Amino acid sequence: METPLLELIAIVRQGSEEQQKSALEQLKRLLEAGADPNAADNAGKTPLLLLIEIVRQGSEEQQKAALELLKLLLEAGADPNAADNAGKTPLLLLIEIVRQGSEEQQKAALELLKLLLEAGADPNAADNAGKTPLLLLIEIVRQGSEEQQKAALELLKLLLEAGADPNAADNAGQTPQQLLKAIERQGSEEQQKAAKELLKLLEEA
């Protein structure tokens, strides 16, 4: 399962700044010439997932290079829903970046998540514990910084307008409405006013 796309993404991940730039230009030319955007490495990691790992771990230059390449992969037809072997999906992984990333990483991930949803990512596809994107993003409202709270608010609205199940519960029974009311009880005045707006948005959906 070795291809030019995967070898070159490896150079974006590990090469010098000059090597990264040349690898990005070679990747675009391969994609433009029809290289398969879906052919995965020996671990079931897709080009999309591998470049999202670069957004999660890379320098500010690497995050920009990977954001550019991720947009081109999605325009090339990369499957926005394909998971790796451990069950990680691009939507879930990008939500992890919102939860743990720097302010620069959060912005990249917010831009990518919108592109992912426009490409057909499943807004209902959950992780192992059964947490939906909806639940995971409400957890960021609860525990994030003010800037994470704001991005999560934006993503939640875009996720409901993309058809997310307002009532879908996780494996333990937890619901978005349950979590939002806990934020209403325990959160800051800013969080309480956000959780109230989100409860009305949940019902309306």
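So that there is no doubt, residue numbering starts at 1 and follows the sequence shown.
The stretch with the higher mean CA B factor, choosing between 73-81 and 100-108, is 73-81. For the pair 43-51 and 165-173, the mean Cα B-factor is higher in 165-173. Of the candidates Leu93, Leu113, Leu134, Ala126, the one whose C-alpha carries the top B factor in the deposited record is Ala126. In the PDB entry, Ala65 places in the lowest third of its chain by CA B-factor. In this PDB entry, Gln149 carries a Cα temperature factor that places it within the middle third of its chain's modelled residues. Placement of the Cα temperature factor of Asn38 within the chain: middle third of the modelled residues, per the deposited record. In this PDB entry, the Cα temperature factor of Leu158 sits in the top third of its chain's modelled residues, the highest group. Annotation for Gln20: CA B-factor lies in the lowest third of the chain's modelled residues.
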